[PDB]
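Heads up, the thing below is written out as structure tokens.
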Amino acid sequence: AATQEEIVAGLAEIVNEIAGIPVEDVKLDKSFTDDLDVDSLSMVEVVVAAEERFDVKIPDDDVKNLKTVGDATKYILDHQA
């Protein structure tokens with residue numbers, strides 16, 4: 001497995017770049033394209049990058065069900081390669 005906070009931080013580092021939202025405000029209650037407020041199209045870049053960032057394969061198809069940083073982590077934490 002990986003460290004949940006490291007997972008969230010992995011999300012954060014991409015979000016800070018692509019979305020333009022603080023690495024640090026990438027908490028765990030934070031819904032990416034909602035509370036943080038990314039963008040719809042920039043969202044898919046986070047996803048695509050996450051695949052390499054976390055070393056996993058998270059398709060945009062299912063990623064739409066993650067909705068938060070915490071639930072993104074849930075996928076990654078469980079789907080760890």
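Chain labels A, B, ... are given in the sequence in which chains occur in the structure tokens; within each chain residues are numbered consecutively from 1, and ligands are likewise numbered from 1 in the order shown.
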
Report task. Enumerate the residues of chain A with a DSSP assignment of alpha helix (DSSP H), computed from the backbone, and present them as number ranges by chain. Result -> A: 4-18, 43-53, 60-63, 69-79

Q | Residue contacts of stretch 57-60 of chain A (12 Å, only C-alpha atoms) excluding same-chain residues fewer than 2 positions away, as a ChimeraX atom specification | A | /A:40-55,62-67,72-81

Save the residues we just selected, N, CA, C and O atoms, as a compact mmCIF listing (two decimals), in the first residue's frame?
# COMPACT_ATOMS: atom_id res chain seq x y z
N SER A 40 -13.20 21.26 -15.64
CA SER A 40 -13.72 20.00 -16.11
C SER A 40 -12.67 19.34 -16.98
O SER A 40 -12.40 18.14 -16.87
N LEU A 41 -12.03 20.15 -17.76
CA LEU A 41 -11.11 19.65 -18.74
C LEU A 41 -9.73 19.49 -18.13
O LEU A 41 -8.98 18.58 -18.48
N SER A 42 -9.43 20.34 -17.15
CA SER A 42 -8.19 20.27 -16.43
C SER A 42 -8.20 19.06 -15.51
O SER A 42 -7.16 18.51 -15.17
N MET A 43 -9.40 18.63 -15.14
CA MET A 43 -9.59 17.48 -14.28
C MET A 43 -8.97 16.23 -14.89
O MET A 43 -8.25 15.49 -14.24
N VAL A 44 -9.21 16.05 -16.18
CA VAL A 44 -8.76 14.87 -16.89
C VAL A 44 -7.23 14.82 -16.97
O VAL A 44 -6.63 13.74 -17.06
N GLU A 45 -6.59 15.98 -16.85
CA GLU A 45 -5.16 16.06 -16.87
C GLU A 45 -4.61 15.56 -15.55
O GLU A 45 -3.58 14.91 -15.50
N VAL A 46 -5.34 15.84 -14.48
CA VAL A 46 -4.98 15.38 -13.15
C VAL A 46 -5.04 13.87 -13.14
O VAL A 46 -4.11 13.21 -12.69
N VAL A 47 -6.12 13.34 -13.68
CA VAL A 47 -6.33 11.90 -13.78
C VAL A 47 -5.20 11.23 -14.58
O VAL A 47 -4.53 10.33 -14.07
N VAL A 48 -5.00 11.69 -15.81
CA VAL A 48 -3.99 11.13 -16.72
C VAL A 48 -2.59 11.17 -16.09
O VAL A 48 -1.81 10.22 -16.19
N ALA A 49 -2.29 12.26 -15.44
CA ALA A 49 -1.01 12.44 -14.76
C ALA A 49 -0.91 11.54 -13.53
O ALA A 49 0.16 11.01 -13.23
N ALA A 50 -2.03 11.34 -12.85
CA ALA A 50 -2.10 10.53 -11.65
C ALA A 50 -1.67 9.10 -11.93
O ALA A 50 -1.03 8.46 -11.09
N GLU A 51 -1.98 8.62 -13.12
CA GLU A 51 -1.64 7.28 -13.54
C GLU A 51 -0.12 7.05 -13.43
O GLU A 51 0.34 6.02 -12.92
N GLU A 52 0.64 8.03 -13.84
CA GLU A 52 2.08 7.96 -13.77
C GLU A 52 2.60 8.35 -12.38
O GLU A 52 3.54 7.75 -11.86
N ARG A 53 1.93 9.31 -11.77
CA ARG A 53 2.35 9.89 -10.50
C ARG A 53 2.25 8.89 -9.37
O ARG A 53 3.09 8.86 -8.46
N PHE A 54 1.24 8.09 -9.42
CA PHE A 54 0.98 7.12 -8.40
C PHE A 54 1.42 5.73 -8.81
O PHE A 54 1.51 4.84 -7.98
N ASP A 55 1.73 5.58 -10.10
CA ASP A 55 2.04 4.27 -10.69
C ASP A 55 0.86 3.34 -10.54
O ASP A 55 0.87 2.42 -9.72
N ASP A 62 -13.79 5.72 -14.93
CA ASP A 62 -14.20 5.44 -13.56
C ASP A 62 -13.87 6.56 -12.61
O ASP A 62 -14.53 6.72 -11.58
N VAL A 63 -12.89 7.38 -12.98
CA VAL A 63 -12.39 8.46 -12.12
C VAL A 63 -13.52 9.44 -11.74
O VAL A 63 -13.47 10.09 -10.70
N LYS A 64 -14.56 9.46 -12.56
CA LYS A 64 -15.68 10.35 -12.37
C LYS A 64 -16.47 9.99 -11.10
O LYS A 64 -17.29 10.76 -10.63
N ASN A 65 -16.18 8.83 -10.55
CA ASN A 65 -16.86 8.35 -9.35
C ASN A 65 -16.04 8.65 -8.11
O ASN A 65 -16.50 8.42 -6.99
N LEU A 66 -14.83 9.16 -8.29
CA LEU A 66 -13.98 9.47 -7.16
C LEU A 66 -14.46 10.73 -6.46
O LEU A 66 -14.65 10.72 -5.26
N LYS A 67 -14.64 11.80 -7.23
CA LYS A 67 -15.17 13.12 -6.81
C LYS A 67 -14.42 13.89 -5.70
O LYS A 67 -14.46 15.11 -5.67
N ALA A 72 -10.56 9.55 -4.07
CA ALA A 72 -9.52 9.28 -5.07
C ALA A 72 -8.48 8.38 -4.43
O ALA A 72 -8.15 7.31 -4.95
N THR A 73 -7.98 8.83 -3.28
CA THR A 73 -7.11 8.07 -2.43
C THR A 73 -7.65 6.65 -2.18
O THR A 73 -6.92 5.72 -2.29
N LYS A 74 -8.95 6.52 -1.88
CA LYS A 74 -9.58 5.20 -1.67
C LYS A 74 -9.32 4.25 -2.84
O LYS A 74 -9.03 3.07 -2.63
N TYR A 75 -9.35 4.78 -4.06
CA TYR A 75 -9.16 3.98 -5.24
C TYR A 75 -7.71 3.60 -5.31
O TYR A 75 -7.38 2.45 -5.38
N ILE A 76 -6.87 4.58 -5.22
CA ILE A 76 -5.44 4.43 -5.33
C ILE A 76 -4.90 3.56 -4.21
O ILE A 76 -4.22 2.62 -4.48
N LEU A 77 -5.26 3.86 -2.98
CA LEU A 77 -4.81 3.09 -1.80
C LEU A 77 -5.13 1.60 -1.95
O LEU A 77 -4.36 0.74 -1.54
N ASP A 78 -6.25 1.32 -2.56
CA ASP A 78 -6.69 -0.06 -2.73
C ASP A 78 -6.15 -0.68 -4.03
O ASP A 78 -5.86 -1.86 -4.10
N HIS A 79 -6.00 0.16 -5.03
CA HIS A 79 -5.58 -0.23 -6.38
C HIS A 79 -4.08 -0.11 -6.59
O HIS A 79 -3.61 -0.27 -7.73
N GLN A 80 -3.35 0.21 -5.52
CA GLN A 80 -1.87 0.29 -5.51
C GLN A 80 -1.24 -0.87 -6.28
O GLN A 80 -1.64 -2.04 -6.10
N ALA A 81 -0.28 -0.57 -7.10
CA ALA A 81 0.37 -1.56 -7.90
C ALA A 81 1.53 -2.16 -7.13
O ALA A 81 2.64 -1.59 -7.17

Practice task
Write out as a count of residues only the residues lying within 12 Å of residue A:34, counting only C-alpha atoms and excluding same-chain residues fewer than 2 positions away.
Solution key: 17

Contact residues around residue A:13 with only C-alpha atoms at 9 Å, ignoring same-chain residues under 5 positions, as a list in words
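My list of contacting residues is residues 8, 18, 22, 23, 24 and 26 of chain A.
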
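From atom CA of residue A:27 back to atom CA of residue A:1, the distance works out to 19.6 Å.
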